[PDB]
Every structure is written in C-alpha cells, then in structure tokens.
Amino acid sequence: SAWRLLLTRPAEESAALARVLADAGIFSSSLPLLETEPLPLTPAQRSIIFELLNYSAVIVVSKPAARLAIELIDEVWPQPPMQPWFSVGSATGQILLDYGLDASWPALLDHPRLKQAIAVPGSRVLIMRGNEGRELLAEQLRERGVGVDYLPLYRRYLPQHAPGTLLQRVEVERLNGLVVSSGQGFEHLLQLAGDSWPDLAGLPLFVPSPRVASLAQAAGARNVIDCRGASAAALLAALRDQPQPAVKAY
C-alpha cells in the first residue's frame, strides 16, 4: 500500500496490471518501454508456413508469437495442421488450442509428447518467436541432435519517450519501486535512466527471473527482487514478501 510502483511493460499489458494492482490497494504509474510490432514475412517465410509439415514439431514461445502464427496458418492452411505444437505456458497454449491446433504444454524438453515427435533421427523443430530471444531451448534441442529453425513473427522496440522522463516520472509520481517484465525490458530502463541510474539503482527493483536478476546486478542495482515470473500474482507475492519501503535516500 505504501508501494508506488513504476511499470515498464507494454501499454495494454501494464494497463491491466495497473488495474489488478489498483483494486489491490497499490498505486502505480505506467511508462511503457516495450512495444510489440508485427513483421512482414512472405518472401520465404510464406513458404515455410505452407511446408510446416517439414518439421516434426512446432514450438511457440510468446502470446504475440501464437497470435501472429494463427493469422498466418489461417491464411494458407484451409484447415489447421495435424502436427504436434507446444508452448511453455498454458496461456499461450490455450490460444493455439482454441484455433484447433494439437498443442500441449508442461521442462518443455522433458514433455513426453515432445520427446516422441523428436524421437527419430533427422527430425527438426520450428520455433516461432520474436526478432530475438532466449537461445536455451534451441541449444538444448540441438545438443540432443534435433535441428531447430526460427520463424521471427515480430519485433520489439522502445516507445518514443522524451529524454529524462524516467527520472521526472519517478519523482513527480513519488515512485519507490521499479518493475520490469523482461531482460530487454531492464535494458531500455538503464537506457532511459541515463546518467540518473546511480540513484535509481538503490530503489527496489522487481525482476521476472534470475536471468534478469543477473543482468541487473551486473548493472549495479543494489536491491534486486526476484519474482517467479511476470504474472501479476508473482508480483503481489513479492511485494507482500518485501519489508516496508525505505524512504528515498537521494
């Protein structure tokens, strides 16, 4: 309740987060650092869509990917593909499941369903995601002799913000906590922070994962709060878990 959080994720995403937070007795102000921009892909990425059967399995990593994916399938396939599709979370999984894809979800790597589609020599998997992402899954797959290709369905950028609007936003709004939802989210913060970072660095920083926690520690953040994921809950659980907000120092 004494937490005046700053939210850095996409417009609609925080707007909702802002809501569940509001009706929970916590103020927040949103300054979007990421935006999801669809990509134009028909040159060869249109043919890859038609030959999806070339792969033994299709993995979709984000909701943005799942949604842009459905829109491509529906355009070329008079019906949904009869092939194994997977996701990390049920959130993205239902999206695919609704359009009639044979999707399943939990490590994903240990999912039996997935092992079977991979359990041949020469089998490949197609991963639909952003312009860039975590390489862990692909590297784990390749290590076990499974080929992996990518189909970038979109890109992420830093909304156009007036310089210094990060510090002045934290001041005028009296924010005593910072939240990021991705790693490239923590980047684009330390950016806008600019030369102001040496003081913001002392504020509680709520990161989605250890991976992100480590990018922040490297940057000098002194109070990194690891939440289990970027869902509203995992955040509230983290706030409740955190001592009373220490009055600003700078």
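For every residue, the number given is its place in the sequence shown, counted from 1.
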query: Unmodelled stretch of the deposited sequence separating residue 147 from residue 148, binned as none, 1 to 3, 4 to 9 or 10 or more; finding: none
query: Which of 5-13 and 230-238 has higher mean CA B factor, as the PDB entry lists it; finding: 230-238
query: Comparing 25-33 with 210-218, the one whose average Cα B-factor in the PDB entry is higher; finding: 25-33
query: Deposited CA B-factor, highest of 54, 184, 47, 62; finding: 47
query: C-alpha B-factor winner, where the candidates are 193, 58, 201, 66; finding: 193
query: CA B-factor placement of residue 157, once the chain's modelled residues are sorted into thirds; finding: highest
query: Position of residue 189 among the chain's modelled residues by C-alpha B-factor, lowest, middle or highest third; finding: middle
query: Ranked C-alpha temperature factor of residue 94 among modelled chain residues, by third; finding: lowest
query: Position of residue 224 among the chain's modelled residues by C-alpha B-factor, lowest, middle or highest third; finding: middle
query: Within-chain third of residue 79 by Cα B-factor, per the entry; finding: middle
